[PDB]
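Encoded as C-alpha cells, the structure appears first; notes follow it.
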Amino acid sequence: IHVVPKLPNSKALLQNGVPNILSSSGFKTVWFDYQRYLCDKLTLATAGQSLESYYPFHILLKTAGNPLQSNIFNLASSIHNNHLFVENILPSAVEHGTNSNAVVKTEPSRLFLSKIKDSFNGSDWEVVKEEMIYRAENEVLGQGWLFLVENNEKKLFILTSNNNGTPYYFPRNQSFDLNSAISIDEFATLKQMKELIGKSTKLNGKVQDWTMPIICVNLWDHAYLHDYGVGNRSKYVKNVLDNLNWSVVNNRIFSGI
Amino acid sequence: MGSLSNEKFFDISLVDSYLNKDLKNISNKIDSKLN
Amino acid sequence: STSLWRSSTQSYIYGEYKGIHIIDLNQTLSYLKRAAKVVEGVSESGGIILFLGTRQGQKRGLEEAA
Amino acid sequence: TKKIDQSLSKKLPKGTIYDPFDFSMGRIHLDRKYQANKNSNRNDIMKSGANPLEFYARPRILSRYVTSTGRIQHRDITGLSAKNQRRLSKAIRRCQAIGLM
Amino acid sequence: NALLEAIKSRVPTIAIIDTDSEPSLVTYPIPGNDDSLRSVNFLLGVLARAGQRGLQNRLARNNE
Amino acid sequence: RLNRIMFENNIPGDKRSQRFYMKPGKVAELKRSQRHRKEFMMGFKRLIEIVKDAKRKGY
Amino acid sequence: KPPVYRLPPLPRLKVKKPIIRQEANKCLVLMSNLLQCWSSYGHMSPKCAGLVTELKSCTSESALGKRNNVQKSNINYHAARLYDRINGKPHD
Amino acid sequence: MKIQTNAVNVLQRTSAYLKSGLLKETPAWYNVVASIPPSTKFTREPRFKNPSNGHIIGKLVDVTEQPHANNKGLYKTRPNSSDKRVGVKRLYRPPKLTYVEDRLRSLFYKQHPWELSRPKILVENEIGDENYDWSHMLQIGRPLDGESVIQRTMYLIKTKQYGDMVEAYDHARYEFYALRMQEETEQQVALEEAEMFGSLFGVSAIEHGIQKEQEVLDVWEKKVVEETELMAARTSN
Amino acid sequence: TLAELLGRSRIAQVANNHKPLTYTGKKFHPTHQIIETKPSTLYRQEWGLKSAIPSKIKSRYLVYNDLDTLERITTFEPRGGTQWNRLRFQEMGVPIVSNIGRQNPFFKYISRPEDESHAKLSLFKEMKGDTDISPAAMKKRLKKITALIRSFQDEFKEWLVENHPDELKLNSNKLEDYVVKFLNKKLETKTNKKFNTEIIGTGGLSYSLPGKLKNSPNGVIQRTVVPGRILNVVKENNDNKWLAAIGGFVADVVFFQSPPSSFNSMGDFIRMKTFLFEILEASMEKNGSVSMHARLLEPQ
RNA sequence: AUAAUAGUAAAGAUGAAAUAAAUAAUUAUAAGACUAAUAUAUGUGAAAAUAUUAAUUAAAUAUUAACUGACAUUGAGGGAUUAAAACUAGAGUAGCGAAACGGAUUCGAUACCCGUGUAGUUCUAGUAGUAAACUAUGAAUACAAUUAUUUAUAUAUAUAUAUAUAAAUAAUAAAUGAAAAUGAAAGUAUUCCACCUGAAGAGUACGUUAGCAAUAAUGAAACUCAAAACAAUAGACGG
Ligand SMILES: [K+]
Ligand SMILES: [K+]
Ligand SMILES: [K+]
Ligand SMILES: [K+]
Ligand SMILES: [K+]
Ligand SMILES: [K+]
Ligand SMILES: [K+]
Ligand SMILES: [Mg+2]
Ligand SMILES: [Mg+2]
Ligand SMILES: [Mg+2]
Ligand SMILES: [Mg+2]
Ligand SMILES: [Mg+2]
Ligand SMILES: [Mg+2]
Ligand SMILES: [Mg+2]
Ligand SMILES: [Mg+2]
Ligand SMILES: [Mg+2]
Ligand SMILES: [Mg+2]
Ligand SMILES: [Mg+2]
Ligand SMILES: [Mg+2]
Ligand SMILES: [Mg+2]
Ligand SMILES: [Mg+2]
C-alpha cells in the first residue's frame, strides 16, 4: 500500500496553508486530498503485482517504456511530481514544530546562480523566472508541470510537461501538444527522439537519460483554481517562484564533495 | 400422467386406476364438471 | 505430500489440503517459543551455539544468526 | 528449394493461441513424443460402456481389435479394462467359431 | 549424521520437523515447513534474536 | 512393408518356437519371466522420464 | 487409468548404452551429393560444378572437415544423482 | 523408524556423568534444559472434529435416532454392517479440510478462463494486517481478481441479503464486470492521451512478440534446411 | 482459527487444477493460473509455494499442478505466456462482438421468455446433454428422475383436470405442452445445474465495449494495422482463406483480390516474413476460442 | 499318408556327416491328436487342476430386508478327491517317443546328435493313492504404523471427476528372527490338529494290511562315529 508521506509542520499547514502561495483550503486540495487520491488509485492499480514494493519514482522508470502501463505511469509520475512541488514550496523542511521557528530566509546558492548565468547566456535569476512564467502560459494549455532541470552537461534548462509528464525520461516528457498544430522544427525534435529510441538494443526499447529536476511547479487546477481562479495561473506561478524553499532546491544540485 | 396418459404403451397405473374406481370416478367427475 | 507422510508426525498435523499435510501452527508457536527460550538460555550462559543448514540459499540466514 | 516436409513444419489450427516456441523444432519433437491415441475413447465403442459380447455377430466392429492376420490385440494396445478385454476376446473367439470372422 | 553425533555426544539439538521428518531424533522439535527459505529464515530469525537477547542480558549483568 | 507385418504378428518368432516341444511348466516359466521383463522396462522408462523432466526444471 | 508400473528398489538406475545423436559430416554429405550428381548428369558434367567447388572447400584442409566430433550423454550422471529423490521409496 | 530415546534424555545421561564424576564440569546447556523439559510422549492423538467444516468425527447415529423411513421407504430396525465396524482409524487420520469457497473458485475460473492469464502473486505480505470491508468489492491492499468475487459472494450470503449462493454469486459477478470495464477504459484512454501529448515508446507488446518469433523462426530455418539435406542424401541410398 | 485463515490464504485462492502441464492438443484459452514472483523473492527462490523453486529458473512466471508429489518435486512449468496473448489482444483494440447479436453477458439485462418457448428443448437437455456421461451414471438419470417425476403425478392428475379438462377428453397435443411447462414450473424452484460452468462471454479476454474511436495525432484511426505472419503458402484446404499468426492468435486472412507474389517465391518459408494485416472483426465461439478475421494489407 | 497334376534330379539331416519319376509346388481324399493371438493362470477350484465355440445340469459374489438365536472353531480315527509314470480289459494310433536295431562322435561312447521307431502318450470302464503333490510356510479368531497401484460397492454433484468403505498386490515402520528375511505374518495373542528330538544305518530289514501287479501304508534295532547341518562373511575359481 502506498501511503501519503507525512509533511513537516503539518499542523501549521492544515491551519495557515503555505504563506504567500496557497491558503489552508488550497493546500488541502493540492496535497491532503489530491495526494490521497493519487496514492489510493496507485495502490488499486499496483496491489497484487510486483510494482507494489517499489517507490513511485522507480515505478515510473520501470513502466516508462510500456504502452499499456501508461495509467500506472501517470499515477506514479503525478505522485512523484506533486511531492517535488510541495517540497520546494514548503516553509521549512526541518520540523520546527516544538522549536517554533519563524525565521526561514533561504536564498539561491552560489552554485545555482553560477549555473544560471552559464546556461542562460548571462541572464539573471529574475529574468529566468520571467521566461519560466512565459513558458508555462504558452506551452501548457491545460494541466501540466513546469520544471527547471539539469542535464548530463551541467546545463540548466526549462522543461514543461503536459498532464503527467516526467522530467527524467525524455521519451515521456510530453512537452509537445499534438492535439494542436506543430511546426516543422517540433516535428524534427519528435522524429529525432524516435530515432534515438530505435538505436537502443535492449528488448525493452529503453534509453539512458540523466536529466534531473531542480524546481517543480504544479500547473494543475488542483493547485491554483481555488485561490487564484481560471486565468490567473501566471500570478500563481510568479508567487511560487518567488517563495521557493532554497534549502531544498540547493540540495538538488550536485556539488561533488 | 399415469392413469390419464395418452401413450399407447401405458404403465400399471392405468390398470390400477381401473380396478380402484379412479379412471371411472374421474371420468364422471370431469363429465359432471362439464355439465 | 500426504504420499510422503511419516506417520510419527501425526500429532503435529492440522489436516490435509491440496494433497499436502497442513502443520498445526498453534503447536508450532508453542514449540517455537520453547525452542527460543532454550537458545536464549544457552546464549545467556555463554554456551557455543552451532547453526547447521546445508540447503541452497541458507548461508545468508545462517551467517547472520551466528 | 521452396518445399519442406510436413514432419518439419507445424500447422497451427485456426482459433488457437500460440507462443513463439510453437514455431521451433522442440514443438515438433514434443508433439511426436506426446502423440497418443487418446481420441479413441470417444470413437471406441468398447470404451463407452457397451458389452463387447453383444457384438459377436458384427464382425466389422470386432475386426477393429485384431491385427491384419486376425490376432487379438493385447490389452496394452487396446487400452480396455480387464472386463472389456475379457469380454471382447470371448466375442471374437465366438465370432470365429460361428463362421463370421 | 549430525543428529546421531549430537545424540552420541549428549549435545541438545533444535530442528525444524517437517511432516516427513522424525521428531524423536531431536531434543526440541519445531514443526514447520523446512523447504521454503522464507519459512526457514523466519524461524531461524526468531531463534537468532532470542539468542541475541540472551547475549545482551549476559553482557549487561557484567557491566552492572 | 511385408517384413513389418511378419514382426507385428510375430510370425518368425512363432515359427521358431514351434520347431521343438517345450514342457508346459517350462512354457509357463518363460511366459512369466518375459512379462516381468516387459513390465520392468515400462517401469524403467517411466523413471527415466521423471529424471529428464526433473533435470530440465533444475532439480 | 493408464497402467503405472512401479519398479522394486534397485541397486542403480543406469542406461547401458545411452543413445547419442551423431550429426552427419558436412563433407561426407557433400561428397554423397556430388557422387549422385555425376551418376545422373554424368562425370564432370557442368551441372555439378558448384558441388565440386563446395567439396573442395570442405575438404581443403581436413578430408572430413573441421568439426567438433565429440558428443557424450549425461543421462547416467543425472539418473544416479536423482534416483534416491524420485523413486518414491517409503521412509526408514 | 523407532521412537528414539537418547535425543530427549541428554540431561539424564549427562546427570549420570556428573554424579559419578566421569564429567567434572557442568555443561552450559545443563541448567537451561533442566528448566525447560523436552516433550517425550510422541503419541498419536485422536481428533473429534474437522476444523474446516465443523463436522463431528467419531459419532455413530443409533437406530433410535432414525425413527422415520429412509429414501427407499424402509425403516431401520437394526445396525448395518458399517455401523458394526470399529472406526478408530478415522479418529487418527488427518481430516481433509474443505471449503465452500473452493467450489466457487473452480466455477469462476471455468466461466472466465482468461482470468487465469492475469498473474497472481502467492507470496504473502502479512495476513494479520488485512482489514477488509466486503460491503464493497474493491479493497485497498489487494488486486481485483476472482478472489474479490468469492469474498463478496460470501459476505452477501453471510449478511443474508441473498439466500441462494447462485444469486449472490451472480450479483458479485456483475459488480466485477463493472470494475473490469472501468479499468479496461482507463488503460486504453491513458495510452491514447499520452500519445496525443508526444509520448514515445520503443517496443509495443505486438512488436515484442514479432521479435521473439523471428529469433525462433531463424533457428528453425537452419535446422529445416539441414534436415532436408540429410534426408536427400540418406534417401539416395 | 487456523482453518478459517487457510481457506482465505493465497494458495487456497488458486483453484485445483490437474490438467496436463504438457498439452499438445488445440489450445483455445488459458488452462493454468500464472504464478508470478517479485525479483527480490526470485533471488531467494521464494514463490509462495511449499518448496523453493530450483535456482536454474530465471523466469518470474510459472504454472503448477501439485505443491508436492511422491517424487519429492513440484510439478510446474516456468512459463507465463498466456498473459502476453491477452495484452497483445488489448493492444489491437478490436472489441469482441457477437456474430449472433446476443445480449451482452456482462450487463444485467431484463430478459423475457422469448427463448423459453423451447421448454421441451432444454428441460430434456438435462438428460439428453449426456454426450460424455458414464453408461450407468447416465442410466441413474432414468430411475432417479422417474421417481422424482413420478412423485408429482397426483399434482398433475388434478391440475390438468381442473385447468384444461377439455384436452384430456379431446387430444394430447396440448397435454404434452402442459406437461413440459409443469415440470419446468416445478423445477425452476429446484436446483438442477443451478451453477452453469459454460464460458460467460469473452471469458475475460476483453472487457472493452464496442463504439469508441481511437484518436491519434494523425487523426482518428479508421483501420487497425497489425504486423503478422502467413503460416501456409496454400489456402486452407476446403477453405477460401489462408491462415495468419497475429499477436498470439491464428486468424483467417482474406486478400483483396490476388495473393502477393512473395507467396510462390518464399514457399514453405513464407512464415519467415512479416506482413501487415487489418483486423476486420473478432468473434467468440462456444468452445472458448476467438475467431479473428484479418485482411492482408499490401503496400500499394 | 495316399492319389492326381505338370515339372524336374537330387532330396533330407548335421557342428560336419552317415544311416534310412522323389523333394518342392497346386489340387483331392482320409485319419488321429492338439488348441495361435487374447493371456496376466488374471481369475476360478479343497488340492490335484483349469484358457477354441455352444448348450444342459450343479456350485460360486456384494449389499439390503426379514428370520434363526451360539446352531461355532478345530478335528484323532474315518471318508472323499488326488499330476506324471504304471497296471487290467476293449477301441484307437497321425505326431511324439522309454526299449530294441542301426548311423555318427570318441582312445572307448551301453551316452549326448541322426535314422527306423515297439510300449506309452488318446478314448471308454477300472486298479492304484504316489510327486521339489512347494508358498519346501496346517486351520480359525482378535489385534497393530504408512504409502502406492488396481478392483468392487456406495455417495455426491458446478459432470465427469471428488469423497468413503472393503479386497488384492507392491514397497515399508514397528515387531520378530541364527541370519537371509517375514510384514499383515515368519508381528502381538488365543484355540485345535499334524510333526521333530545328532549323523549314518534307513524310509532300509522283518512282520502286517491293501492291491492283478509294479508297489503303497505302517516301520525298527545292532554295529560305528564326534560328528553332522543352516544363514551369513572374505576369498579363490568358472568351457
Ligand atoms: K491362478
Ligand atoms: K439362548
Ligand atoms: K466338533
Ligand atoms: K483324519
Ligand atoms: K501311437
Ligand atoms: K512351487
Ligand atoms: K491340520
Ligand atoms: Mg520438507
Ligand atoms: Mg510333396
Ligand atoms: Mg491360447
Ligand atoms: Mg492368483
Ligand atoms: Mg473340519
Ligand atoms: Mg491297453
Ligand atoms: Mg532316437
Ligand atoms: Mg480310485
Ligand atoms: Mg515311492
Ligand atoms: Mg510324501
Ligand atoms: Mg503342482
Ligand atoms: Mg471353514
Ligand atoms: Mg515302502
Ligand atoms: Mg548355505
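Here is how names work: the chains are called A, B, and so on, in the same order as the sequence lines, proteins then strands, and each is numbered from 1.
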Open item on the list: Are the six-membered rings on the bases of J:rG69 and J:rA70 close enough and parallel enough to be called stacked, with the limits being 5.5 Å between centres and 30° between planes?
Closed with: no
Task: For C:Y12, ring-ring contact (aromatic ring centres under 6.0 Å, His included) partners two or more places apart - done: C:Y31
Task: D:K83, nearest nucleotide to its side chain (from J:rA152, J:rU42, J:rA145) - done: J:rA152
All N/O pairs under 3.5 Å across the protein-nucleotides 173-175 of chain J interface:
unit_1	atom_1	unit_2	atom_2	d
J:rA173	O3'	G:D92	O	3.3
J:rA173	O3'	H:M1	N	3.0
J:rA173	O2'	H:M1	N	2.6
J:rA174	OP1	H:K2	N	3.1
J:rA175	OP1	H:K2	NZ	2.9

Task: Mate of J:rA89 where both pairing distances stay under 3.5 Å, Watson-Crick or G-U - done: J:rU124
Task: Those residues that, when tested against E:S21, pass side-chain hydrogen bond (donor to acceptor under 3.5 Å, both in side chains) (two or more places apart) - done: none
- [ ] Could you tell me whether D:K90 contacts a base, only the sugar-phosphate backbone, or nothing, with contacts defined as non-hydrogen atoms closer than 4.0 Å?
- [x] sugar-phosphate
Open item on the list: With the cut-offs of 5.5 Å between six-membered ring centres and 30° between planes, do J:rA139 and J:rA140 count as stacked?
Closed with: yes
- [ ] Classify the nucleic acid contact of I:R72 as base, sugar-phosphate or nothing, counting any heavy atom under 4.0 Å across all strands shown.
- [x] nothing
Report, one pair per line, the protein and nucleotides 157-164 of chain J atoms (nitrogen or oxygen only) whose separation is under 3.5 Å.
unit_1	atom_1	unit_2	atom_2	d
J:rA158	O4'	I:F195	O	3.1
J:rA160	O5'	I:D132	O	3.1
J:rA164	OP1	H:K96	NZ	2.8

If you restrict it to nitrogen or oxygen atoms, what contacts under 3.5 Å exist between nucleotides 63-68 of chain J and the protein, and what is each distance?
unit_1	atom_1	unit_2	atom_2	d
J:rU64	OP1	H:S81	OG	3.3
J:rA66	OP1	H:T77	OG1	2.7
J:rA66	OP2	H:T77	OG1	3.4
J:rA66	OP2	H:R78	NH1	2.8
J:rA66	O5'	H:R78	NH1	3.2
J:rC67	OP2	H:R78	NH1	3.3
J:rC67	OP2	H:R78	NH2	3.1

TODO: Tell me what G:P3 touches on the nucleic acid: a base, only sugar-phosphate, or nothing, going by heavy atoms under 4.0 Å.
DONE: nothing
TODO: Check the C1'-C2'-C3'-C4' sign on J:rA136 and let me know if the sugar comes out north or south.
DONE: south
- [ ] Name every residue in residues 61-79 of chain D that has at least one heavy atom under 4.0 Å from any atom of RNA chain J, in order of residue number, or write none if there are no such residues.
- [x] D:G70, D:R71, D:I72, D:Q73, D:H74, D:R75
Open item on the list: Checking base pairs now: Watson-Crick or wobble, both atom distances under 3.5 Å. What partners J:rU150?
Closed with: J:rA167
Open item on the list: Centre-to-centre under 6.0 Å for I:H32 and I:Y64, is that the case here?
Closed with: no
Task: N or O in side chain of D:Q85 less than 4.0 angstrom from J:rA39 OP1/OP2 - done: yes
TODO: Test for a donor-acceptor pair under 3.5 Å between the base of J:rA39 and the side chain of F:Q34, counting only N and O atoms.
DONE: no
Open item on the list: For J:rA39 and F:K31 - does any side-chain N or O of the residue sit under 4.0 Å from the phosphate oxygens OP1/OP2?
Closed with: no
